[PDB]
Amino acid sequence: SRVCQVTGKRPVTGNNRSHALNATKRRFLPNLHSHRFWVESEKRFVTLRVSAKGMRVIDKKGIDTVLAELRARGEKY
Amino acid sequence: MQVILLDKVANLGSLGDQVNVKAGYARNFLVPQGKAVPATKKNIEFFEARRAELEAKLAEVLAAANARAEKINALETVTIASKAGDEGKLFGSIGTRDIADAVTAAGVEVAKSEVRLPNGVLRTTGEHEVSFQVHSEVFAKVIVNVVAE
Amino acid sequence: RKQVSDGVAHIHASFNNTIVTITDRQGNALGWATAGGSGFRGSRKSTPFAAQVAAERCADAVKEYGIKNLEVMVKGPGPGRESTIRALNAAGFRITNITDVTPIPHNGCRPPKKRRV
Amino acid sequence: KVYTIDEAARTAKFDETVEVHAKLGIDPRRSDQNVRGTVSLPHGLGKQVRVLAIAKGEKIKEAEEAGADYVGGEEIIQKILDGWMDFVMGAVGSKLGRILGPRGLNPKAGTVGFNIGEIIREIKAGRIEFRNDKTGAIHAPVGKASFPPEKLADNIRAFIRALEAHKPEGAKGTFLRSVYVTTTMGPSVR
Amino acid sequence: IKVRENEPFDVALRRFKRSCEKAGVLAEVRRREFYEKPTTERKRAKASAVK
RNA sequence: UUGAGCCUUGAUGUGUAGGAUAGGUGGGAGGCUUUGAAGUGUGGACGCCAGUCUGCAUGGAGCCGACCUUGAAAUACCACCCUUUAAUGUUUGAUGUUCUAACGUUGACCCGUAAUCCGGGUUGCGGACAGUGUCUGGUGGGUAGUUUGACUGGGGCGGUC
RNA sequence: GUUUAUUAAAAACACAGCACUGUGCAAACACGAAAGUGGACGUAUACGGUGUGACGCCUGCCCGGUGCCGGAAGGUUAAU
Ligand SMILES: [Mg+2]
Ligand SMILES: [Mg+2]
Ligand SMILES: [Mg+2]
Ligand SMILES: [Mg+2]
Ligand SMILES: [Mg+2]
Ligand SMILES: [Mg+2]
Ligand SMILES: [Mg+2]
Ligand SMILES: [Mg+2]
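Chains as they are written, first to last, in the deposited numbering: chain BX, 2 to 78; chain BH, 1 to 149; chain AK, 13 to 129; chain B5, 19 to 28, 35 to 111, 120 to 137, 140 to 224; chain AU, 4 to 54.
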């Protein structure tokens, strides 16, 4: 399902809001994308369905720390 | 990002600078093929320890691979016991492991392949000269005197 | 821009008009002028004169490469066929060789029909 | 430089041939290009004028002493009216217009001094300094400045001539001060 | 067709073109197809060219 | 590389009385050119082929002024430039050129595996495009929610408020 | 041939035939937030949509409006 493995981001519900202020149930979807990440410490490519923000989370924390987290909450990669 | 480099790296890098690169380039190419790394600050000082050490320290140690020759001109004369044929012309002859082994064997300790006797290298008696090598730019002259005993 | 000296004068001489273009040996267009584009329209431009005045116009335009000698290929019937080269000899040009290149079918395409005037 | 390289006037004869041509804005909406009554300039400059004013058969004995040379007459209004190569300047206000002897036919001369008591009273200086520069075609400014007898001493005209910015219109950016002439050209900013 | 005229002269010298092309096969092909009517033409070209 | 800004370097003007193809005002009674010219002779060239400029050159030494006319007088010289055009840049894209490593592969192959899924790997083909997320202009009876007045010798029409 | 099972069987629907138009295949199109699947284990002599309706003899003029197709220099114009 459209869930970022780094951040938990997922679809949210809201309204489109016309000029005349008509609300209509709508969705916001996270900017998802599956990305191969070279894990040096694992001589392997781990590919993650991540949100763009996710990627930035990975760039800052470093993929080892992030995978460390998935491992910590038994999110299987 | 910022990211600090590893190898030389083309139109931007250096060998250990703190450039700034588009993340698309950092992930996907550079860091994976370890040519650079996240400037995680933790790191940028991992590099400050690496800005004092090898450089400031081991180049006044090549100021010792250099001041070995401050003792190349303060003696400036070894003699070789090599005689003379029919007119003061060496009955012997002295090369590099003769001018490095008859250099080492005193207070003048040189590495045997650090003695340039361009050939003369050698074919007569008396005083000669040689080019003594310890550094790439700083060598030093002496005077050699094949003594006919 | 550039220079060439050795060249060719190309003239398209039809009945309604005659168009002149100077080009190097390798037919690569150096300058041009038309009997119609120098004034005269109608019976006006269908004249050996209008052609003469064109050949002229066309020189001051390709002397833009200090041309010196040029072969001369002549195509079509109608006036200014030859009158347009007389203008050229004088204009100030050596004039090597002269060929007629009016194309001739070995009887193929049916030509237009009428002209019940 | 930051101000104006007045020393950027270093083979004619004299270089008072340098000109106050500071820029101004377009006419977007409504805006004009005007010069007041003889723009003086905190600087005498050293100009002995020939000021042609329309005074009377009275002020020929002190209204000729006020930074000038002569003053036209009342007999010489239309009596000196019979030649083209025969015939700043001004006229005294209140109730006096001159288009019956100053309107016909393409010149520029309107400001002098409106006096009904003194021909050159105690304190009235400012006339014999500089001329007038109004709207020409695309803008205004055109005039003259300093000379080859000053350094940044004619830069009293720098903060007192390019400081002559009058209300802009609505869609412009009227600032760009430059001068020079008779040899080359240049300047700085504004 | 071709005149590669050489040195001393200025005149055209191309009387050649009044020996073949131009108004020859050109005035010819320019217009009405013909078909069987040249036969009527050339049938007068011999009645003439007899004398 | 090329469309728009903006900043310097150089262009140029056939209203009428005339020495003659006067752009508007302004400094302005002399600068200039041997820091090697007028004009003959061509070069690139703008174009209403009416004539202008110049890097170059044969060249070899003075032209000018209110001079009287013209609503406005100097190719005497210079400008801040408008008519409109042209040559480096600055940077912005944008259009374009390749690369491969993100990403697509509903080509081929290997293994998990006796598997037309899926995963990993190899290879080829594409490639920073495509595609998707957020934002945004357009279109949108395909769907949806509704509106579509009252008087009235019934109602509607007409008329009226 | 079909059809209003239960007041209409017909001139209505379908039909072979014809035309227009979309579609280069991961087709267009359609059921699906999606994966996936029909189209098709097909590939322009194929597949979809629309209208006309064996066949014979034919199918004239109009592009102003509305719809569509192409076009782009200018004008107008969104987030930014
Ligand atoms: Mg509805
Ligand atoms: Mg409701
Ligand atoms: Mg009612
Ligand atoms: Mg029934
Ligand atoms: Mg029945
Ligand atoms: Mg079909
Ligand atoms: Mg029907
Ligand atoms: Mg029809």
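Backbone N, C-alpha and C fix where the C-beta goes; we use that ideal spot for every residue, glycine too.
Residues bridged to residue i (per DSSP)
i                 : result
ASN145 (chain BH) : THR79 (chain BH), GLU127 (chain BH)
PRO221 (chain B5) : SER212 (chain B5)
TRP108 (chain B5) : According to DSSP, which records beta bridges pairwise, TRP108 (chain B5) is partnered with nothing at all.
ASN17 (chain BX)  : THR25 (chain BX)
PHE181 (chain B5) : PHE181 (chain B5) is not bridged to any residue.
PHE132 (chain BH) : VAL115 (chain BH)
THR46 (chain AK)  : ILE31 (chain AK)
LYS5 (chain AU)   : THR111 (chain AK)
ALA77 (chain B5)  : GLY122 (chain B5)
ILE4 (chain BH)   : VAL37 (chain BH)
Cut-off 8 Å between Cβ atoms - residues of its own chain near residue i, not counting five sequence neighbours on either side
i                 : result
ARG130 (chain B5) : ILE78, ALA123
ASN73 (chain BH)  : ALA140, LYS141, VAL142
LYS112 (chain BH) : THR96, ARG97, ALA100, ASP101, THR104
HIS24 (chain AK)  : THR30, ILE31, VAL32, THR33, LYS87, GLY88
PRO12 (chain BX)  : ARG3, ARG28, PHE29, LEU30, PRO31
Opening and closing residue of the alpha helix (DSSP H) in which residue i lies
i                 : result
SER35 (chain BX)  : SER35 (chain BX) -> not in any alpha helix (DSSP H); beta strand (DSSP E) instead, spanning 33 to 40.
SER51 (chain AU)  : 47 to 51
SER95 (chain AK)  : 95 to 104
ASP101 (chain BH) : 101 to 104
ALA30 (chain AU)  : 28 to 32
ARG195 (chain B5) : Unbroken run through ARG195 (chain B5): none, as it is neither H nor E.
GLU68 (chain AK)  : 60 to 71
Same chain only: Cβ atoms within 7 Å of residue i, ignoring 5 sequence neighbours per side
i                 : result
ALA30 (chain AU)  : none
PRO60 (chain AK)  : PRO91, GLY92, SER95
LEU48 (chain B5)  : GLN57, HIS173, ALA174, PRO175, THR208
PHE47 (chain BH)  : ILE4, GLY16
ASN16 (chain BX)  : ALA24, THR25, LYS26, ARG27
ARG35 (chain AU)  : none
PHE148 (chain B5) : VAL124, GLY125, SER126
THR145 (chain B5) : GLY61, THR62, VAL120, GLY122
Other residues of its chain near residue i: CB distance less than 6 Å, five sequence neighbours each side excluded
i                 : result
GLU86 (chain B5)  : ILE153, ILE154
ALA53 (chain BX)  : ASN32
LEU122 (chain BH) : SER93, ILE94
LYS71 (chain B5)  : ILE162
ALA67 (chain AK)  : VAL32, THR96, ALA99, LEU100
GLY55 (chain BX)  : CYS5, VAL7, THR8
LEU210 (chain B5) : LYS47, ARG224
Contact under 9 Å by Cβ, residue i with residue j
i                 : j                 : result
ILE194 (chain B5) : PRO66 (chain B5)  : yes
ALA179 (chain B5) : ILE50 (chain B5)  : no
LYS168 (chain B5) : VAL44 (chain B5)  : no
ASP7 (chain BH)   : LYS41 (chain BH)  : no
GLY151 (chain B5) : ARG165 (chain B5) : no
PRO89 (chain AK)  : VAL32 (chain AU)  : no
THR35 (chain AK)  : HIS22 (chain AK)  : yes
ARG56 (chain AK)  : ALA63 (chain AK)  : no
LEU76 (chain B5)  : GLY96 (chain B5)  : yes
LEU22 (chain BX)  : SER35 (chain BX)  : no
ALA23 (chain BH)  : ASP65 (chain BX)  : no
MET85 (chain AK)  : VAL129 (chain AK) : no
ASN145 (chain BH) : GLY120 (chain BH) : no
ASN109 (chain AK) : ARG21 (chain AU)  : no
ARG51 (chain BH)  : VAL134 (chain BH) : no
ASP18 (chain AK)  : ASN119 (chain AK) : no
Residue range of the beta strand (DSSP E) that includes residue i
i                 : result
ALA25 (chain AK)  : 18 to 25
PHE46 (chain BX)  : 45 to 52
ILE110 (chain AK) : 110 to 112
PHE29 (chain BX)  : 24 to 29
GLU83 (chain AK)  : 81 to 87
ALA69 (chain BX)  : Premise fails: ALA69 (chain BX) lies in the alpha helix (DSSP H), 64 to 73, not in any beta strand (DSSP E).
### Query
Which ranges does the alpha helix (DSSP H) cover as unbroken runs of at least 4 residues, wholly within the region 11 to 55 of chain BH, from first to last along the chain?
Here the runs fully enclosed are 42 to 46.
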